[PDB]
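Colleague: Input: one structure, supplied below.
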Amino acid sequence: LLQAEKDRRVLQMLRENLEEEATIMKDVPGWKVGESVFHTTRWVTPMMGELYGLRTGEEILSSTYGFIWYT
Amino acid sequence: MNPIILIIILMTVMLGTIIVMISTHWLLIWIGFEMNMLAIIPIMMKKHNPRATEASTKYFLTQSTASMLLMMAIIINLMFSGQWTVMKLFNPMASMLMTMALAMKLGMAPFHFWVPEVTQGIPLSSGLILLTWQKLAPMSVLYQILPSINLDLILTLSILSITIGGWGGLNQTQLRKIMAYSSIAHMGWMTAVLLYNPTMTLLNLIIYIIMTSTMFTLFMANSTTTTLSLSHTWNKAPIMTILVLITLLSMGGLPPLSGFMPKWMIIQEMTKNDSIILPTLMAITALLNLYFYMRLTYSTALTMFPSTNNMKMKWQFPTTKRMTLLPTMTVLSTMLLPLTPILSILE
Amino acid sequence: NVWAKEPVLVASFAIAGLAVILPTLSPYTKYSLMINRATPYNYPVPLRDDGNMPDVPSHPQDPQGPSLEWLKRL
Amino acid sequence: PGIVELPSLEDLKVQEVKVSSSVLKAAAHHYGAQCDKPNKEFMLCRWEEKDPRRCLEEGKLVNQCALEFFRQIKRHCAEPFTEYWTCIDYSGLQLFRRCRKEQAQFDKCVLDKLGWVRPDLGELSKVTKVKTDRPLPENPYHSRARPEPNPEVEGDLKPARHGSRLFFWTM
Amino acid sequence: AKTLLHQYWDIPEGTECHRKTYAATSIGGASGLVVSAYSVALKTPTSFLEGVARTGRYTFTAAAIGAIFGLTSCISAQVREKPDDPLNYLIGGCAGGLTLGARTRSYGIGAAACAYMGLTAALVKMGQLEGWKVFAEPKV
Amino acid sequence: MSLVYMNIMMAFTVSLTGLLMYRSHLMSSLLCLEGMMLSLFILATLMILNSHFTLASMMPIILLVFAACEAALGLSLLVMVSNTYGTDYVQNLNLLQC
Amino acid sequence: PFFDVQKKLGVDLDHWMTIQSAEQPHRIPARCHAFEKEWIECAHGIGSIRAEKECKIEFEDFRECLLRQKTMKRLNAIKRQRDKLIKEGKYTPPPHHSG
Amino acid sequence: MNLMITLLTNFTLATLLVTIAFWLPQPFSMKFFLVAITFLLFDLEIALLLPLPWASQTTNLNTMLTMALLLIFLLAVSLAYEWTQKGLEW
Amino acid sequence: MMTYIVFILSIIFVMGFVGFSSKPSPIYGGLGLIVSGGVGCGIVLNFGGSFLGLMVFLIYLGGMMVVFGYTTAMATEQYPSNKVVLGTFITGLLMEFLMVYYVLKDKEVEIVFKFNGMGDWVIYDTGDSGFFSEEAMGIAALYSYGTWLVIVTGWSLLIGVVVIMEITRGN
Amino acid sequence: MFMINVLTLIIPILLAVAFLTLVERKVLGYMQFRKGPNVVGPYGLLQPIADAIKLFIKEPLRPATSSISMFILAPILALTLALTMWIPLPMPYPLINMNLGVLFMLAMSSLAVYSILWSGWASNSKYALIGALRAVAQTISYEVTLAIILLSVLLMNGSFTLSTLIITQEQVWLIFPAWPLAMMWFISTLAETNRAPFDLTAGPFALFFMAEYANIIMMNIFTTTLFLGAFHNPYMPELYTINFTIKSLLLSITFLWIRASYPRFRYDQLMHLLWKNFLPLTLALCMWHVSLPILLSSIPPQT
């Protein structure tokens, strides 16, 4: 159950974050909207900057660095 | 010194070198080099003179910084494509640092400043074991990781080590410094053909190890430091003189004798490529490093220096040194000329 | 004998030797290995259903699969 | 090069089970008993294809199964299920040996009034078959073909051709 | 370095002149700095002004040899109008050796330097003319 | 590229130049060797953590314990040199000339 | 020389510290497991030269899984562009937490 | 950074204690060296020993027992060697 | 007190390496290596770092610098700063200031690399089910799989013991 | 609230140390035939208040230093260890729950060794340097022993969290499955606190004094958590805190009580005794406490 909620949440961040990118980068030349840099057609695990990117500090610090120095 | 402790230290030298030979992990190679250092330190300072103490200090500092720069190269290798397989590397920078580490490990031209100083103030047994195993241990590693090296590294170190072991070498009558500069020149030779056919490198390693074992066994048969002591060995015994003649001429590499066979095959499988001016330069310098061999032979067995009595006293005692194995190594090292197609015994 | 000579050494050798020997005569080492094996770290991964195999039970209540019962009973 | 194929916001709307953690942890075993039978479909989908954005219908299925299970435990006995999980909530990390008598009380409620025997240890283990409707996938590691085989050298060996064929020492 | 020796050999020789002499002075400054770096590492001048003087002397002499080599290279290539011989760089190496002997202020060293530097420069241009690779194939 | 790796490699060059150029005491050279050791430790450990290279995570502690016993041997050699002399300078070692 | 007593005695005592995807003591993967499995299957029965010139695409995919260089380059370009356009002031940003 | 906050508060309060305590009122032996290196080498062997309570839950228990006894046995051989061979005497 | 705390502790780390690579008296050198080891412990604990960074602290800041300061105390005197030491400290601070200034106000700084210049909250785990702090079970190997490695390590330390006693007058 | 937690830990340490000074003076007085200090108010709590503020008042040692910064840098390190070493100690709820705390204990003990060595070098002329050098030797010779013994007593419990220790102490005290190992551990705590019967024969004397007694109370609290104690029913921490305080107080009185009546050892007797008697015996107890949980089917639930 935790696994299913986790998968839906990370795909939710993927969908919303690529929507944000598609809104934000229509000025630069080139730039396909959602290319993986990789070549194989496989779901790679994202890198915590694809998930928690441009969230402005608070949630990314409480998410990445939470357990590391939480007690 | 206890004999049990010396058997233990020899066991650990053999263990470290066999770990360098046999392993496939990088940490194990580094452990083998370090354990080789740690075991080879108390073979030196076998006596308690300060000469061996300063020699062991210089050796420890250079050997440890070579070991740690090797570890730097491996951690760069895993900063890039990362697995612990002894194979092609994945960085020209890591291969550069690694070959310079191994060039510090075994006697090379920018890095040779510790070799005559470490050999001068030590006895003969420590010098023999350090030359044999400390010029055997990195060659396996270079034989492994040859297919990812910028060639200018190996070739520059080889050329410059051959010409430094040539030119430095015309000035010393300290026999340990003579043998050390000879080691530098031959290690330049044995590193030069690494990227073309390494069978020649390993055969040259076999021939050089057997030659140096013969030479140091002849010096251990009668303790000498200078050439004048060798003239006294001329007075006391005649067969040592013709052995010095044959072994110095086989260090010189003349075509009737077996020391020529490693030069000639190098020139063959070097000139089957487009390298001709580099063989004739290397073989001119091979003509150069024969001159101190030749003046040594002139000092030992062909001209004769004036002698001192109490050699009259030493006539009444026949020789009683034990040789480890002198005559077998001698005729294996010098009459091996018609056995050139024992080249392919190796690979 | 040496019990008067260097006694703490002899006691150390004695407890050393029994620590060497004593796992040979032991009716609990197989219990230790069953306890240590029967604790899962990763997910117990399922499999594609059946080639009509009388194993791999469908309900987790079904005791056809290999379970633990000596745990609850000491 | 290639762009990803993300699912839409139309599939990203399931009634999420926005419940808290200690109640979900204390309500785990009988949720393994009654429900969690059709989510090994989801587990086998996740381990035969390493690709969420594909197995999300079965994620919606386990989401509605867990919500249906908590609906069914919400309507009937127990309401002191609330007392049981708030007895186990404030005890640090939730050891299940903490509130044991009320665990027996909740078990007696659900047993005498509904059924649902608690799974004995170790029955949340013991590798379990699962059949699906979709056929099992092939080569999810989307790669090319294995490029070249080495021709294996065999055949009984001839002797040496005219010796070493070096300069001399023939034969 | 490879970039400036490539800049030297990229010039058709030929006449595209005084870039040749500038590149040769850059070669001389680099080689003088190399050998002077080894010398100031292995001498301990004490004082440091002597160390700067020795490094300046080494760089100045090697740059002078490079400059004079490039000058008579350009002049012989323009005059003879035959850019294929090594005889012009034989003249070049002898001129460089003579001015080496001039800046060390002895004449036998200048004569031997004329001979050896002329032979090496003729061999360098001759090997570039036929084509002998740097240090390797490294294939078989 | 996980930007911190640049700083730790530059820190390695710092410790390596501190190992190579050293004026008076051998103890500073040996301690900068120890600093180089710490640099390799930290750099490889961050790499193995971010890789989830969880099987062979032995490299940090085992690299550490080996090069630590190397530093122990260096301490004993420095004590022997300081025992047979007055000080432990780089000077008063110019005997045994090459 | 490199010897093969490792293969000769039949004791594979050193092949487990070697790569990823050998069986960890609890059956967990690394971060780039499948990329390794396809790369090793690409370059297995191969003389390490057509490994250099044929498995290049999957090797670059594995390298960019391992370090994630150019993906971070793309994300950094997005960050710098976002900074300069919020410096401009167009669309005071609804990419954070709300519209 | 929470324990860094604790470390910062303790460090600042200690510096306040010291500076308000200060603004207000106004050869050698080899035997010294052998014990330290003996500490160092046995401490490194302690560093090899100490992940033992991490390891005791695996499916290879007899081998773990054997190599753990080998580590303490080697440490005991080193101890008894420097014990018998006048390493710590006076 | 903010996001780039790993980068800032790395700045203090390289400052400490400069601070004893300027060659002071070796007890100041031991102080510099202790400060550098403490902030390196801080860096690796920021990556977490649960065992190994507290493990180095007992060895280097627990067993190695103790004997380095011991040997500083018993062997060398250095009985009385200098131009060369503090001048190299100034040039090291200048080089770090220049490199970090070009990291800050530009894209990337290249020795021969491409260091993508921003602070590293990337990369990191996406909140996996760790449950055992993977360092812990990793180092909780070496006794099942680790046959050869711990044997040659302990054997090397034993040979280190006999080497030390021989050079310091075996037997 | 977290800084309030830190200050409620490190405000009563001064109270604890000063009242420990009066308690050790009174208890030595009644092991002897002495009453007092009791002229300074009722039974003398203002007597530690008074001599503490007196030593603050009294004019400091004039330098006579070498690297003033280093000379201040040693006791600041000693007192910040004494402050930062009560963070993971559980009386029922510790300040920071850690994955591992006991290796942090041993590491900060080694930092106390640093404090001793730095004060010894920066102090004075050569004789005090030799004395502090012997002190560093006799301090460092026991961190082998104490870490070995602590490892062998946690090996019965498998995990480092120390709340698993306060769980596993519920049935019996841990003194019963390991009495000789705990006894040798207690002797090692007498070694680490550097008191009688072990010899040590400065500035600021109050700060070195503070580090000493906070080290003693630290080792006593860690002892009381480590080897004995009782259960902890939640939503009532006063019960375990009372029983913990009473047992730690009885053990600290026993500690000073063992100090009260034994002469100091000879130094070579101290090293001789430690190596040749504690070190084979620690190895014997370690190998038996390794081979015994694999015997008796009880390897701990290291989660």
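So you can find residues: chains in the structure tokens are A, B, ... in the order shown, residues in each start at 1, and ligands are numbered from 1 in order.
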Mind listing the alpha helix (DSSP H) residues of chain H, per DSSP on the backbone, as JSON, numbers by chain?
Modeller: {"H": [2, 3, 4, 5, 6, 7, 8, 9, 10, 11, 12, 13, 14, 15, 16, 17, 18, 19, 20, 21, 22, 23, 31, 32, 33, 34, 35, 36, 37, 38, 39, 40, 41, 42, 43, 44, 45, 46, 47, 48, 49, 52, 53, 54, 55, 61, 62, 63, 64, 65, 66, 67, 68, 69, 70, 71, 72, 73, 74, 75, 76, 77, 78, 79, 80, 81, 82, 83, 84]}
Colleague: Write out, as a compact mmCIF listing (two decimals), in the first residue's frame, the residues just selected, with C-alpha atoms.
Modeller:
# COMPACT_ATOMS: atom_id res chain seq x y z
CA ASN H 2 20.41 19.70 15.12
CA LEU H 3 23.41 18.21 16.89
CA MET H 4 25.36 21.03 15.23
CA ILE H 5 23.01 23.41 17.07
CA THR H 6 23.79 21.57 20.32
CA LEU H 7 27.52 21.71 19.56
CA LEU H 8 27.23 25.42 18.76
CA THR H 9 25.39 26.20 22.00
CA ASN H 10 27.86 24.21 24.11
CA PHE H 11 30.84 25.79 22.33
CA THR H 12 29.49 29.33 22.66
CA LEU H 13 28.55 28.89 26.32
CA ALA H 14 31.97 27.41 27.05
CA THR H 15 33.66 30.37 25.35
CA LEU H 16 31.44 32.69 27.39
CA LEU H 17 32.56 30.92 30.58
CA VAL H 18 36.24 31.20 29.63
CA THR H 19 36.24 34.80 28.41
CA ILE H 20 34.13 36.01 31.33
CA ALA H 21 36.56 34.15 33.59
CA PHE H 22 39.34 36.14 31.88
CA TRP H 23 37.99 39.69 31.41
CA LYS H 31 59.78 2.76 26.24
CA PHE H 32 57.59 5.87 25.96
CA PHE H 33 57.12 5.08 22.27
CA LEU H 34 56.47 1.32 22.25
CA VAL H 35 53.26 1.59 24.27
CA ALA H 36 51.81 4.17 21.88
CA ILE H 37 52.50 2.08 18.78
CA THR H 38 51.20 -1.01 20.56
CA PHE H 39 48.03 1.00 21.27
CA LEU H 40 47.87 2.03 17.62
CA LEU H 41 48.17 -1.46 16.17
CA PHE H 42 45.81 -3.10 18.65
CA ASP H 43 43.37 -0.20 18.14
CA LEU H 44 43.39 -0.85 14.40
CA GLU H 45 42.71 -4.50 15.13
CA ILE H 46 39.83 -3.31 17.36
CA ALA H 47 38.60 -1.39 14.31
CA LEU H 48 38.63 -4.66 12.37
CA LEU H 49 36.80 -6.46 15.19
CA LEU H 52 31.08 -8.03 14.56
CA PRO H 53 27.73 -7.18 16.30
CA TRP H 54 26.54 -5.76 13.00
CA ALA H 55 27.24 -9.02 11.23
CA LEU H 61 27.24 -18.48 10.85
CA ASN H 62 29.93 -21.15 11.25
CA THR H 63 32.23 -19.21 8.91
CA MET H 64 31.62 -16.01 10.87
CA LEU H 65 32.47 -17.82 14.10
CA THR H 66 35.64 -19.22 12.53
CA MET H 67 36.95 -15.93 11.14
CA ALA H 68 35.98 -14.00 14.29
CA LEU H 69 37.94 -16.49 16.36
CA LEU H 70 40.73 -16.13 13.80
CA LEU H 71 40.82 -12.34 14.30
CA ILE H 72 40.93 -12.52 18.09
CA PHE H 73 43.38 -15.42 17.81
CA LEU H 74 45.74 -13.39 15.64
CA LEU H 75 45.40 -10.48 18.07
CA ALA H 76 46.26 -12.88 20.91
CA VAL H 77 49.28 -14.23 18.98
CA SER H 78 50.56 -10.66 18.51
CA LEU H 79 49.96 -9.94 22.21
CA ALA H 80 51.71 -13.12 23.33
CA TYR H 81 54.60 -12.50 20.93
CA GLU H 82 55.39 -9.05 22.30
CA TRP H 83 54.67 -10.49 25.76
CA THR H 84 57.24 -13.29 25.53
Colleague: Just the residues within 10 Å of residue 9 of chain F, please, counting only C-alpha atoms, with nothing from its chain fewer than 2 positions along; format it as a PyMOL selection string.
Modeller: (chain B and resi 72+76) or (chain F and resi 4-7+11-15+39-40+43)
Colleague: Just give me the gap between atom CA of residue 30 of chain E and atom CA of residue 92 of chain E in Å, one decimal is fine.
Modeller: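 Atom CA of residue 92 of chain E lies at a distance of 19.5 Å from atom CA of residue 30 of chain E.
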Colleague: With only C-alpha atoms as the counted atoms, please give the residues lying no more than 8 Å from segment 175-189 of chain B, apart from itself and same-chain residues fewer than 6 positions off, as a PyMOL selection string.
Modeller: chain B and resi 106-109+112+115-117+119-120+131+135+157-166+168-169+208+225-227+289+292
Colleague: Expressed in Å to a single decimal, how great is the separation between atom CA of residue 153 of chain J and atom CA of residue 145 of chain I?
Modeller: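 Here the two named atoms are 25.7 Å from each other.
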Colleague: Run DSSP on the backbone and give me the residues of segment 101-146 of chain I it puts in strand (DSSP E), as an mmCIF file with N, CA and C atoms, in the first residue's frame.
Modeller:
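Wrote out10.cif, looks like this:
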data_model
loop_
_atom_site.group_PDB
_atom_site.id
_atom_site.type_symbol
_atom_site.label_atom_id
_atom_site.label_comp_id
_atom_site.auth_asym_id
_atom_site.auth_seq_id
_atom_site.Cartn_x
_atom_site.Cartn_y
_atom_site.Cartn_z
ATOM 1 N N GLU I 108 30.571 26.908 -14.510
ATOM 2 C CA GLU I 108 31.352 25.740 -14.144
ATOM 3 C C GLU I 108 32.834 26.089 -14.168
ATOM 4 N N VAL I 109 33.599 25.386 -13.339
ATOM 5 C CA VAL I 109 35.041 25.565 -13.248
ATOM 6 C C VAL I 109 35.697 24.250 -13.628
ATOM 7 N N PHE I 115 32.792 20.484 -13.869
ATOM 8 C CA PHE I 115 32.137 20.418 -12.568
ATOM 9 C C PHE I 115 30.880 21.277 -12.603
ATOM 10 N N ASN I 116 29.719 20.630 -12.633
ATOM 11 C CA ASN I 116 28.438 21.320 -12.745
ATOM 12 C C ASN I 116 28.153 22.067 -11.449
#
Colleague: Near segment 34-46 of chain J, within 8 Å and counting only C-alpha atoms, which residues show up once chain neighbours fewer than 4 positions away are dropped, as a PyMOL selection string?
Modeller: chain J and resi 19+22+25-26+29-30+50
Colleague: Residues of chain J that have any atom at most 9 Å from an atom of chain C: could you tabulate them with the shortest-distance atom pair and the distance in Å to one decimal, using only C-alpha atoms, ordered by chain and increasing number, as CSV?
Modeller:
residue,atom,partner,partner_atom,distance
J:276,CA,C:8,CA,8.9
J:277,CA,C:8,CA,7.0
J:280,CA,C:12,CA,6.5
J:281,CA,C:12,CA,6.3
J:283,CA,C:12,CA,8.0
J:284,CA,C:12,CA,5.4
J:285,CA,C:15,CA,8.1
J:287,CA,C:19,CA,6.7
J:288,CA,C:19,CA,5.6
J:289,CA,C:19,CA,8.9
J:290,CA,C:19,CA,8.4
J:291,CA,C:19,CA,5.7
J:292,CA,C:19,CA,7.7
J:293,CA,C:32,CA,8.8
J:294,CA,C:29,CA,6.4
J:295,CA,C:28,CA,6.1
J:296,CA,C:28,CA,6.3
J:297,CA,C:32,CA,5.1
J:298,CA,C:32,CA,7.3
J:299,CA,C:32,CA,7.4
Colleague: Can those selected residues be exported to a file as a compact mmCIF listing (two decimals), in the first residue's frame so that it contains N, CA and C atoms?
Modeller:
# COMPACT_ATOMS: atom_id res chain seq x y z
N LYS J 276 49.20 -7.87 30.91
CA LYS J 276 49.32 -9.29 31.19
C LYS J 276 48.20 -9.85 32.06
N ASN J 277 47.21 -9.06 32.48
CA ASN J 277 46.13 -9.75 33.16
C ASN J 277 44.76 -9.41 32.61
N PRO J 280 44.56 -10.83 28.12
CA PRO J 280 44.11 -12.19 27.78
C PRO J 280 42.74 -12.53 28.33
N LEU J 281 42.36 -11.93 29.46
CA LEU J 281 41.07 -12.25 30.05
C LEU J 281 39.93 -11.61 29.27
N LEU J 283 40.11 -11.11 26.04
CA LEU J 283 40.03 -11.92 24.83
C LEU J 283 39.28 -13.21 25.08
N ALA J 284 39.50 -13.80 26.26
CA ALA J 284 38.79 -15.01 26.64
C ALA J 284 37.29 -14.75 26.76
N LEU J 285 36.92 -13.65 27.40
CA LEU J 285 35.50 -13.33 27.53
C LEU J 285 34.88 -12.94 26.19
N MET J 287 35.82 -14.17 23.14
CA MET J 287 35.62 -15.37 22.33
C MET J 287 34.53 -16.26 22.90
N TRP J 288 34.35 -16.24 24.23
CA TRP J 288 33.26 -17.01 24.77
C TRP J 288 31.91 -16.33 24.56
N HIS J 289 31.86 -15.00 24.61
CA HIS J 289 30.62 -14.30 24.29
C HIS J 289 30.38 -14.16 22.80
N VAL J 290 31.32 -14.58 21.96
CA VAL J 290 31.01 -14.80 20.55
C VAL J 290 30.44 -16.19 20.35
N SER J 291 31.15 -17.21 20.85
CA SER J 291 30.74 -18.57 20.58
C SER J 291 29.52 -19.01 21.39
N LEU J 292 29.10 -18.24 22.39
CA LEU J 292 27.94 -18.65 23.18
C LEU J 292 26.56 -18.29 22.60
N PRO J 293 26.31 -17.08 22.04
CA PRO J 293 25.00 -16.87 21.40
C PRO J 293 24.75 -17.75 20.19
N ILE J 294 25.80 -18.21 19.50
CA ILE J 294 25.58 -19.20 18.46
C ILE J 294 25.32 -20.58 19.07
N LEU J 295 25.71 -20.80 20.33
CA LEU J 295 25.33 -22.03 21.02
C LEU J 295 23.87 -22.00 21.44
N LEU J 296 23.52 -21.05 22.30
CA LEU J 296 22.27 -21.13 23.04
C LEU J 296 21.06 -20.61 22.28
N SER J 297 21.13 -20.58 20.94
CA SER J 297 20.01 -20.27 20.05
C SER J 297 19.46 -18.87 20.27
N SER J 298 20.28 -17.97 20.77
CA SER J 298 19.83 -16.63 21.14
C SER J 298 20.77 -15.62 20.51
N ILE J 299 20.49 -15.29 19.26
CA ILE J 299 21.15 -14.17 18.61
C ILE J 299 20.11 -13.06 18.54
Colleague: Taking only C-alpha atoms into account, what are the residues of chain F at most 10 Å from chain H, put as a list in words?
Modeller: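 Residues of chain F within 10 Å of chain H, counting only C-alpha atoms: residues 61, 62, 64, 65, 66, 68, 69, 71, 72, 73, 75, 76, 79, 80, 82, 83 and 86 of chain F.
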Colleague: Set the cut-off to 9 Å and count only C-alpha atoms: what are the residues of chain J that reach chain H? Output as a PyMOL selection string.
Modeller: chain J and resi 2-3+6-7+10+56-60+72+76-77+79-81+83-84+87+96+126+130+133-134+137+140-141+143-144+147-148+151-152+154-160+204+207+268+271-272+275-276+279-280+283+286-287+290-291+294+299-302
Colleague: Go ahead and write the selection's residues with C-alpha atoms as a PDB file, in the first residue's frame.
Modeller:
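Resulting contents of out-v6.pdb:
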ATOM      1  CA  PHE J   2      15.017  22.213  21.438  1.00  0.00           C
ATOM      2  CA  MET J   3      17.387  24.844  22.811  1.00  0.00           C
ATOM      3  CA  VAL J   6      19.729  21.586  25.624  1.00  0.00           C
ATOM      4  CA  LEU J   7      19.745  24.186  28.397  1.00  0.00           C
ATOM      5  CA  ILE J  10      23.533  21.624  30.564  1.00  0.00           C
ATOM      6  CA  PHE J  56      36.537  32.622  39.608  1.00  0.00           C
ATOM      7  CA  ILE J  57      37.479  35.706  41.675  1.00  0.00           C
ATOM      8  CA  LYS J  58      41.090  34.686  42.327  1.00  0.00           C
ATOM      9  CA  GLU J  59      43.658  36.159  39.945  1.00  0.00           C
ATOM     10  CA  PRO J  60      44.651  33.798  37.103  1.00  0.00           C
ATOM     11  CA  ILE J  72      43.093  28.337  25.764  1.00  0.00           C
ATOM     12  CA  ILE J  76      37.722  24.685  25.956  1.00  0.00           C
ATOM     13  CA  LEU J  77      37.870  21.302  24.223  1.00  0.00           C
ATOM     14  CA  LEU J  79      34.669  21.274  28.763  1.00  0.00           C
ATOM     15  CA  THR J  80      32.843  21.083  25.437  1.00  0.00           C
ATOM     16  CA  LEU J  81      33.364  17.302  25.516  1.00  0.00           C
ATOM     17  CA  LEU J  83      28.931  19.134  27.750  1.00  0.00           C
ATOM     18  CA  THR J  84      28.460  17.246  24.449  1.00  0.00           C
ATOM     19  CA  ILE J  87      23.309  13.862  24.404  1.00  0.00           C
ATOM     20  CA  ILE J  96      18.972  12.338  20.422  1.00  0.00           C
ATOM     21  CA  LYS J 126      60.061  19.343  30.431  1.00  0.00           C
ATOM     22  CA  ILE J 130      57.094  13.858  31.045  1.00  0.00           C
ATOM     23  CA  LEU J 133      53.164  12.004  28.824  1.00  0.00           C
ATOM     24  CA  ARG J 134      52.951   9.135  31.300  1.00  0.00           C
ATOM     25  CA  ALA J 137      50.053   6.601  28.194  1.00  0.00           C
ATOM     26  CA  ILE J 140      45.328   5.450  26.289  1.00  0.00           C
ATOM     27  CA  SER J 141      46.204   1.949  27.480  1.00  0.00           C
ATOM     28  CA  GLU J 143      40.558   2.355  25.638  1.00  0.00           C
ATOM     29  CA  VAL J 144      41.535  -1.000  24.195  1.00  0.00           C
ATOM     30  CA  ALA J 147      35.894  -0.717  24.038  1.00  0.00           C
ATOM     31  CA  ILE J 148      36.541  -4.476  23.935  1.00  0.00           C
ATOM     32  CA  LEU J 151      31.546  -4.581  22.566  1.00  0.00           C
ATOM     33  CA  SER J 152      31.268  -7.949  24.304  1.00  0.00           C
ATOM     34  CA  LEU J 154      26.410  -5.270  23.701  1.00  0.00           C
ATOM     35  CA  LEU J 155      26.972  -8.466  21.690  1.00  0.00           C
ATOM     36  CA  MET J 156      24.291 -10.055  23.882  1.00  0.00           C
ATOM     37  CA  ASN J 157      21.954  -7.356  22.522  1.00  0.00           C
ATOM     38  CA  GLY J 158      23.198  -6.981  18.965  1.00  0.00           C
ATOM     39  CA  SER J 159      22.168  -3.389  18.292  1.00  0.00           C
ATOM     40  CA  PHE J 160      23.671  -0.004  19.111  1.00  0.00           C
ATOM     41  CA  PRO J 204      42.281  26.819  34.532  1.00  0.00           C
ATOM     42  CA  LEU J 207      37.763  23.856  34.054  1.00  0.00           C
ATOM     43  CA  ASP J 268      55.130  -0.332  35.668  1.00  0.00           C
ATOM     44  CA  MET J 271      50.992  -1.336  32.697  1.00  0.00           C
ATOM     45  CA  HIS J 272      52.156  -4.877  33.590  1.00  0.00           C
ATOM     46  CA  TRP J 275      48.388  -5.941  29.661  1.00  0.00           C
ATOM     47  CA  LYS J 276      49.321  -9.287  31.193  1.00  0.00           C
ATOM     48  CA  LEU J 279      44.124  -8.335  28.027  1.00  0.00           C
ATOM     49  CA  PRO J 280      44.109 -12.187  27.779  1.00  0.00           C
ATOM     50  CA  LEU J 283      40.026 -11.917  24.830  1.00  0.00           C
ATOM     51  CA  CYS J 286      35.122 -11.988  23.975  1.00  0.00           C
ATOM     52  CA  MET J 287      35.617 -15.366  22.325  1.00  0.00           C
ATOM     53  CA  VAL J 290      31.008 -14.799  20.550  1.00  0.00           C
ATOM     54  CA  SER J 291      30.736 -18.574  20.581  1.00  0.00           C
ATOM     55  CA  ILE J 294      25.584 -19.204  18.462  1.00  0.00           C
ATOM     56  CA  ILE J 299      21.150 -14.171  18.610  1.00  0.00           C
ATOM     57  CA  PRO J 300      19.508 -10.785  19.180  1.00  0.00           C
ATOM     58  CA  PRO J 301      16.727  -9.252  17.038  1.00  0.00           C
ATOM     59  CA  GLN J 302      18.966  -6.731  15.320  1.00  0.00           C
TER      60      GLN J 302
END
Colleague: With a distance cut-off of 9 Å and only C-alpha atoms, select the neighbouring residues of residue 134 of chain I, excluding the residue or stretch itself and same-chain residues fewer than 6 positions from it, and output the selection as a list in words.
Modeller: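 Using only C-alpha atoms, the neighbours found are residues 49, 52, 54, 55 and 57 of chain F.
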Colleague: So that I can see what lies close to residue 200 of chain J, please list as a list in words the residues with an atom at most 9 Å from it, counting only C-alpha atoms and leaving out residues fewer than 3 positions away in the same chain.
Modeller: residues 131, 132, 134, 135, 194, 195 and 196 of chain J
Colleague: Using only N, CA and C atoms, please write the residues we just selected to a file, as a short mmCIF file (atom, residue, chain, number, x, y, z; two decimals), in the first residue's frame.
Modeller:
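File produced: part_13.cif:
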data_model
loop_
_atom_site.label_atom_id
_atom_site.label_comp_id
_atom_site.auth_asym_id
_atom_site.auth_seq_id
_atom_site.Cartn_x
_atom_site.Cartn_y
_atom_site.Cartn_z
N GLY J 131 55.53 14.03 32.91
CA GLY J 131 54.43 13.57 33.75
C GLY J 131 53.12 13.43 32.99
N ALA J 132 52.77 14.45 32.20
CA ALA J 132 51.58 14.36 31.36
C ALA J 132 51.73 13.33 30.25
N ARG J 134 53.32 10.37 30.62
CA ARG J 134 52.95 9.13 31.30
C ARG J 134 51.45 9.08 31.56
N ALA J 135 50.84 10.23 31.83
CA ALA J 135 49.39 10.26 32.04
C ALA J 135 48.63 9.91 30.76
N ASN J 194 40.59 8.70 35.86
CA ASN J 194 41.95 9.07 36.27
C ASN J 194 42.00 9.51 37.73
N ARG J 195 41.55 8.61 38.60
CA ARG J 195 41.51 8.87 40.03
C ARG J 195 42.32 7.82 40.77
N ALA J 196 42.34 7.93 42.09
CA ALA J 196 42.89 6.88 42.93
C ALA J 196 42.06 5.61 42.75
#
